[PDB]
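Asks: part one of the complex, left exactly where it sits:
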Amino acid sequence: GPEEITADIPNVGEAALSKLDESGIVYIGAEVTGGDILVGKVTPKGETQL
Amino acid sequence: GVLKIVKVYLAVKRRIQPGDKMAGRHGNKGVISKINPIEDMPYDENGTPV
Amino acid sequence: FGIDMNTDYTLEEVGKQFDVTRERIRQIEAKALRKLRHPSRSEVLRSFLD
């Protein structure tokens, strides 16, 4: 399937989703360090086979 | 294959730390070893440190 | 589930193997998970979820 830039990220707290706008892109002027999510991206992988 | 691209531009500010390379224009290289306090600095009779 | 065993068994199959079948078993699991739900049991497993 097509990948999404959406702000909806599987398994992240509000501290993580804080720095992203509704669309999933980090705000201008926001100071960041390693591990902060700059751009939320999600790619389809179905039936994880656990 | 690429639907959309998001380019974020970071501005990082680093000053100086041990391991950095410094040199004069005369071919004299060097690496900062330790960062010494103004207290321990050799000073002239005027009191101006180096 | 399939824990330390080949495949996994339907609730009815587990019922055949337990001689006491159907809804009965479905209840035990519900009360079993429940016992595993509350902390001091669940805190070891909780950290596994990131």
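Replies: Arrived safely. Numbers count the residues shown, from 1 in each chain, chains lettered A, B, ... in the order given.
Asks: what number of residues lie near residue A:17?
Replies: 15 (other CB atoms under 10 Å in any protein chain shown). No exception for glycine: its C-beta is placed from N, CA and C like everyone else's.
Asks: Kindly report the residues of chain B close to chain A.
Replies: B:3-4, B:6, B:8, B:10 (CB under 8 Å from any CB of the partner chain).
Asks: again, 10 Å this time
Replies: Residues of chain B found near chain A (CB under 10 Å from any CB of the partner chain) are B:1-12.
Asks: now swap in chain C and tell me
Replies: Residues of chain C found near chain A (CB under 10 Å from any CB) are C:2, C:49-50.
Asks: Closest to chain B out of those?
Replies: Of all the residues of chain C next to chain A, chain B sits closest to residue C:50, with 24.6 Å by CB to the nearest CB.
Asks: number of nearby residues for the nearest residue to that closest one once chain neighbours are set aside?
Replies: Once flanking residues are discounted, residue C:50 sits nearest to residue A:11: 6.4 Å by CB to CB, 6 or more residues apart in numbering or on different chains. The tally of other residues near residue A:11 (other CB under 10 Å) stands at 7.
Asks: Burial check on residue A:19, number of neighbours?
Replies: 16.
Asks: Apologies, that question was intended for residue B:11.
Replies: 6.
Asks: Same check on the one 4 residues further on?
Replies: In terms of burial, residue B:15 registers 5 neighbours under the definition other CB under 10 Å.
Asks: which SSE is it in?
Replies: Under DSSP states H and E, no helix or strand contains residue B:15.
Asks: can you pull the contacts of the most centrally placed residue in chain A?
Replies: Nearest to the mean C-alpha position of chain A, by CA atoms, centre = their mean, lies residue A:40 at 2.6 Å. Counting by CB atoms under 10 Å, 6 or more residues apart in numbering or on different chains, residue A:40 touches A:4-9, A:12, A:16-17, A:19-21, A:23-26, B:6.
Asks: Include this sequence as chain D:
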Amino acid sequence: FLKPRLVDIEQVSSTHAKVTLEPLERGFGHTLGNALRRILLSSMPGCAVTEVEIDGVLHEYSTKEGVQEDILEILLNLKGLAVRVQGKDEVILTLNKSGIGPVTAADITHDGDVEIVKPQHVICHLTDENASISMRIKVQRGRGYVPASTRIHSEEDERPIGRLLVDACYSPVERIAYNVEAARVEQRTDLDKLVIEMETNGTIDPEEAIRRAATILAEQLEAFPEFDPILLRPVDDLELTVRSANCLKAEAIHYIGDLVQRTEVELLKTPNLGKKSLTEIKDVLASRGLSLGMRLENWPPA
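Replies: Chain D, in position alongside the others:
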């Protein structure tokens, strides 16, 4: 075993002065003097500006329309602004100005403990007739050098992105020099003098600095596991709606452990919690393997 003391303190400028000490025994001018130089340069109270929120600025790397200074240049200028406070450990000031012309340090609003030593100090210039800049200059007090980089660990929602942190320059002292000359008091074999000629920004008095220096110096001589971690997390970690969070905090529920003790009955009896909020709370708690009416018996240990 004669102990020293101070004599004429000569102030030649708002900047610097020469403090002097008469009764010094053999070789003690150096022992006292250098040791005093050390503490003087190193450890001293300072009020250097820390946080700055400007008008339309998200980051220090932009340029504001109407000012020829880059924002980073303006921060670097502010870091060199010398102020002295009395009763407040941290005060916040407010700077405002417009029209064509230099904006100095006297253009800020004057507060109770605010004393500007350099009113002529240039923060930034103004190039256009109608162009205006407002800013909150958050000035706090501390010791030594505290760079802006180490300032973020604690964090704790510095979210107002308009707020740019700057490196802490805390220290009155610029240059300290001590010279010992033989000092002849009326009657005595041979004694020395201590001429400490120091350099300051004016925010600290010579007698004060020279006092605290030896104060600290002598001050050094004074010796010469069960239960869920999740239960102690703040309620904000549950990521509830603002309303529910405020309601819970208003009901003295600040942590998850406090919430899981409450029952549906008790919560519905609160003045501000409806069925929707309770549904939300039960949902978010169930989503993490928790619920209401949970007993943990022993609240709290330490």
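Asks: Repeat for the neighbour count of residue B:11, accounting for chain D.
Replies: Neighbour count for residue B:11, taken as other CB under 10 Å: 10.
Asks: show me where the stretch 151-300 of chain D has strands.
Replies: D:163-165, D:173-179, D:182-183, D:191-200 (DSSP state E, counting those that start in this stretch).
Asks: if we can go back for a sec, list phi and psi for the residue nearest to the centre of chain A.
Replies: Backbone torsions of residue A:40, given as degrees, to the nearest 10, read phi -70, psi 120.
Asks: Quick one: residues contacting the spatially closest residue to it that is not a sequence neighbour.
Replies: Closest residue to residue A:40 apart from its sequence neighbours, by CB to CB, 6+ apart: residue A:24 at 3.5 Å. By CB under 10 Å, 6+ apart, the contact set of residue A:24 is A:4-9, A:17, A:37-42, B:6.
Asks: Could you tell me how many residues sit around residue 3?
Replies: Here I'm looking at chain A. 13.
Asks: look at chain C instead
Replies: 5.
Asks: does it count as helix, strand or coil?
Replies: coil (DSSP: H, G, I helix; E, B strand; the rest coil).
Asks: What's the separation between it and chain B?
Replies: As judged by CB to the nearest CB, to the nearest Å, residue C:3 and chain B stand 41 Å apart.
Asks: want to try JSON lines for the contacts of residue A:24, with distance to residue D:280 and secondary structure as columns?
Replies: Formatted as JSON lines, the contacts of residue A:24 follow (distance: CB to CB, whole Å; DSSP: H, G, I helix; E, B strand; the rest coil):
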{"residue": "A:4", "distance to residue D:280": "27", "secondary structure": "strand"}
{"residue": "A:5", "distance to residue D:280": "28", "secondary structure": "coil"}
{"residue": "A:6", "distance to residue D:280": "23", "secondary structure": "coil"}
{"residue": "A:7", "distance to residue D:280": "20", "secondary structure": "coil"}
{"residue": "A:8", "distance to residue D:280": "19", "secondary structure": "coil"}
{"residue": "A:9", "distance to residue D:280": "21", "secondary structure": "coil"}
{"residue": "A:17", "distance to residue D:280": "17", "secondary structure": "helix"}
{"residue": "A:37", "distance to residue D:280": "25", "secondary structure": "coil"}
{"residue": "A:38", "distance to residue D:280": "30", "secondary structure": "coil"}
{"residue": "A:39", "distance to residue D:280": "29", "secondary structure": "strand"}
{"residue": "A:40", "distance to residue D:280": "24", "secondary structure": "coil"}
{"residue": "A:41", "distance to residue D:280": "29", "secondary structure": "coil"}
{"residue": "A:42", "distance to residue D:280": "25", "secondary structure": "strand"}
{"residue": "B:6", "distance to residue D:280": "33", "secondary structure": "coil"}
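Asks: attach chain E to the model above:
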Amino acid sequence: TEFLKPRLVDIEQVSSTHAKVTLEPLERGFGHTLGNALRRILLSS
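Replies: Once chain E is put in with the chains from before, the structure reads:
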């Protein structure tokens, strides 16, 4: 703007007339001023 006092000592002495004393916590640059001023005083006076 409170200060730092030491908190860990351990005088390790050899024999009787000899001694090696140590102090762990200490603010930056205080070790040299203390060590030196005490050395000057110890030796000369």
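Asks: same question on the neighbour count of residue A:17, but with chain E included?
Replies: With other CB under 10 Å as criterion, residue A:17 counts 16.
Asks: what's the answer for the one 4 residues further on, then?
Replies: Counted with other CB under 10 Å, the burial measure for residue A:21 works out to 12 neighbours.
Asks: Now it: closest residue in space that isn't a chain neighbour?
Replies: residue A:27 (6.2 Å).
Asks: For residue A:37, see how far away that neighbour is.
Replies: 12 Å (CB to CB, to the nearest Å).
Asks: Of those two, which one has the most company?
Replies: Set residue A:27 next to residue A:37 and count neighbours by other CB under 10 Å: residue A:37 wins out with 18 against 12.
Asks: just checking, the more buried one touches residue A:17?
Replies: Yes. Counting by CB atoms under 10 Å, residue A:37 touches residue A:17, with 7.9 Å between them.
Asks: Please identify every residue contacting each of those two.
Replies: Counting by CB under 10 Å, 6+ apart, the residues touching both residue A:37 and residue A:17 are A:7, A:9, A:24.
Asks: In JSON lines, list those residues along with distance to residue D:236.
Replies: Output for those, formatted as JSON lines (distance: CB to CB, whole Å):
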{"residue": "A:7", "distance to residue D:236": "20"}
{"residue": "A:9", "distance to residue D:236": "19"}
{"residue": "A:24", "distance to residue D:236": "22"}
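Asks: Which one of those residues is nearest to chain C?
Replies: Among the shared contacts of residue A:37 and residue A:17, and counting by CB to the nearest CB, the member closest to chain C is residue A:9, at 12.7 Å.
Asks: Can you give me the neighbour number for the closest one?
Replies: 15.
Asks: Would you quantify the distance from it to chain D?
Replies: Taken as CB to the nearest CB, the span from residue A:9 to chain D is 14 Å.
Asks: That's all I had, so thanks and see you.
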